[PDB]
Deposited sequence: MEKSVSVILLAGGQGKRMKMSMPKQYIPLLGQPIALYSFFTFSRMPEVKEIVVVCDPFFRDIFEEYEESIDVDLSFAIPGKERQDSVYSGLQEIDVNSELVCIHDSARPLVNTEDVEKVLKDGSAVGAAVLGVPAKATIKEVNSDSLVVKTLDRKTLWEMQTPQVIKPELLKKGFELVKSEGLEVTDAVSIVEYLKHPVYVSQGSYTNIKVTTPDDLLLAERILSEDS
C-alpha cells in the first residue's frame, strides 16, 4: 500500500460524461481498486470536489485534495505537498485519459519502482522529422526510437521533490514531471503502453473513447 496518486483534474473536458460517468472518475476508479494505491490526491477546483467525494466511503483508498496552480507543474507541486510522508512512489495522471488499463498502470508502477522514474509511452505512428529554424529537415528521425508519452508518470517522491527544488532555485519551466528527473541525470524508463490510452480533448476523442469502451 505504497503508491500515492496525484490526479490532475483541471463544462471542462475531464468532467464530461462517458457512458454517463464523468471522464475523470474512470481513471480515479481504476487507481482506487489497485491494492498498491494507498491514496489519491485530486487536484481540482473546489467546485468539482463532490464528484470524487461522493465515493470516498466506497473506494479502498484515502482521498485528499490539493489546489491547482497557474501551470501544470504548479498543480503537480501542490498535489505533491499532500501525499503520504512514507509514500514509495508518486503516480501522476492526467484525468483526461480515462481509458488507461490496470495492466498498463501495473507495468509503469513496476518500472517506476525499479528505475526511480517511468512513464507510459507508445511508438509514434506519424513520420516525425526534426526541423531547424530555416524550416529545413535536419534529419529523418529513426522509426524505432521515437515514442509518444502518455500518463501515468511514476516517480519516487524524493527524486521529484529534489527536482522541484532545482527548478525553483535556478528558475525553470517544465513540460512534464519526468523531464525534471532528466535535469537531475536520473534515468527515465519508457513503459510500453497501449494506443487506446487517449487524451480526451475534442468531441472526436470523446467519440473514439466511447467506441473503445464498447
* Structure fact -> Stretches of the deposited sequence lacking C-alpha coordinates, in sequence order, are 1-2, 13-21, 226-228
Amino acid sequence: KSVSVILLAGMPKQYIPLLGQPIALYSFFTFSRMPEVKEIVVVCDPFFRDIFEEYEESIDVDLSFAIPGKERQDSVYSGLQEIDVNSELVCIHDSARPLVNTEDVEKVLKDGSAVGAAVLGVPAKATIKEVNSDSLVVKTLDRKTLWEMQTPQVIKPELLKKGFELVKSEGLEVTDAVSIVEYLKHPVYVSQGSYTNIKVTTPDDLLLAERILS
From here on, numbers count along this sequence of modelled residues.
* Comparing 104-112 with 138-146, where is the mean C-alpha B-factor higher? -> 138-146
* Structure fact -> Averaging the C-alpha temperature factors as deposited, the higher value of 123-131 versus 91-99 falls on 123-131
* Pick out which of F29, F65, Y55, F47 has the highest C-alpha B-factor in the PDB entry. => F47
* Residue of maximum C-alpha B factor among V174, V154, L160, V188, per deposited coordinates -> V174
* To do: Sort the modelled residues of this chain by their C-alpha B factor and say whether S2 lands in the lowest, middle or highest third.
  => middle
* **Third of the chain's Cα B-factor distribution that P22 belongs to, per the entry** => middle
* Could you tell me which third, lowest, middle or highest, the C-alpha B-factor of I59 occupies within its chain? => middle
* Lowest, middle or highest third - CA B-factor, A117 -> lowest
* Asked: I83's Cα B-factor: lowest, middle or highest third of the chain?
  -> middle
